[PDB]
Each structure stands twice: as C-alpha cells, then as structure tokens.
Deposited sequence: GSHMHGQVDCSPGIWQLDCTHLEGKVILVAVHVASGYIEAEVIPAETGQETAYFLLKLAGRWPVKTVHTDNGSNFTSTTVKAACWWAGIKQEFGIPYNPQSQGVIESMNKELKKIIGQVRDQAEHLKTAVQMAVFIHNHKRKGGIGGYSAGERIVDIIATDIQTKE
C-alpha cells in the first residue's frame, strides 16, 4: 500500500458520467461529474489531482481510458506512471442516493457524498494525510 498509488474509474448515474479517483492505501476519494467520458476530461482531472496530492502511479479497471494522446501528455507533464502492481464506487453510489433529494444537481450530490465518505469514521481523510506525512518523515 504505497502512498503514491491512485485508482481512476468512470461510473454512470442518471445518464451522466462520474469520474472516481481512490487513494488505494487510505480509501480517500476524489470524484466529479464530467460532461463526457473523453481523454480531455480524464487529462484535466489527473493534472488537477497531481497538483493537490503526490500522485506517482495510476491504475484503472478500464485500460483503454489511458490510450488517448491527451492523457499520456498529462501523465508525461505531471511525471505520473501507470501502476503494474495491482466496490467504493458502490459505497459512494449508496451515499449519493441517501443525499440525492437534498440537491437539485447530481454534481452537488456527488461532492456531498465525497464529503461524507472522506469524513466518516480514523477517517479516510485523516489516513491519507497521516500516510503521506509519514512518508515525508
């Protein structure tokens, strides 16, 4: 459970696409509703994630996602490698259903579920910080 490994996958709900990144060692999640399942959307999300967390390698359950020239360039620029050493999408989907009524847009509902997921109990949010600070010291 290395501190730099993330898993990226796209799931579907209400005819929309939700891109889910999981920090594998901690269970911490970053997720966003994207207009389309394209490389430009994937490339932009990776660039944003890498500027926020130390992202060393990325795994996926759909290898074809990392074929676009655009995603390769983002991984090139950010120094990210593909992971060769290797559920929550559904716990997230359960949390979204529980909070869907409180919000008009699904995107609002996804960020609320990401909040509840990462702050629920140590929390996934406390684990990622501990794991990364430990790796620093």
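**OP:** Quickly check which stretches of the deposited sequence aren't in the model, judged by C-alpha, and list them in order.
**Re:** Model skips 1 to 9, 96 to 106, 142 to 147, 164 to 166 of the deposited chain.
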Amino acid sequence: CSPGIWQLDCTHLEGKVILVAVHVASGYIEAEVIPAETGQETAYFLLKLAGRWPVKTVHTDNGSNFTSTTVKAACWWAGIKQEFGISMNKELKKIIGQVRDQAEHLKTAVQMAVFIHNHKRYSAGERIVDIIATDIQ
From here on, numbers count along this sequence of modelled residues.
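Original post:
Got a sec? Mean C-alpha B-factor, which is higher, 22 to 30 or 90 to 98?
Top reply: Stretch with the higher mean C-alpha B-factor: 90 to 98.
Original post:
Per the PDB entry, which option out of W53, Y44, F84, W76 has the greatest Cα B factor?
Top reply: By C-alpha B-factor in the record, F84 ranks first.
**OP:** For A36, return the chain-relative third of its C-alpha B-factor as stated in the PDB record: lowest, middle or highest.
**Re:** It belongs to the highest third of the chain when residues are ordered by C-alpha B-factor.
**OP:** Tell me, lowest, middle or highest third: where does the Cα B factor of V129 rank within its chain?
**Re:** It falls in the middle third of the chain.
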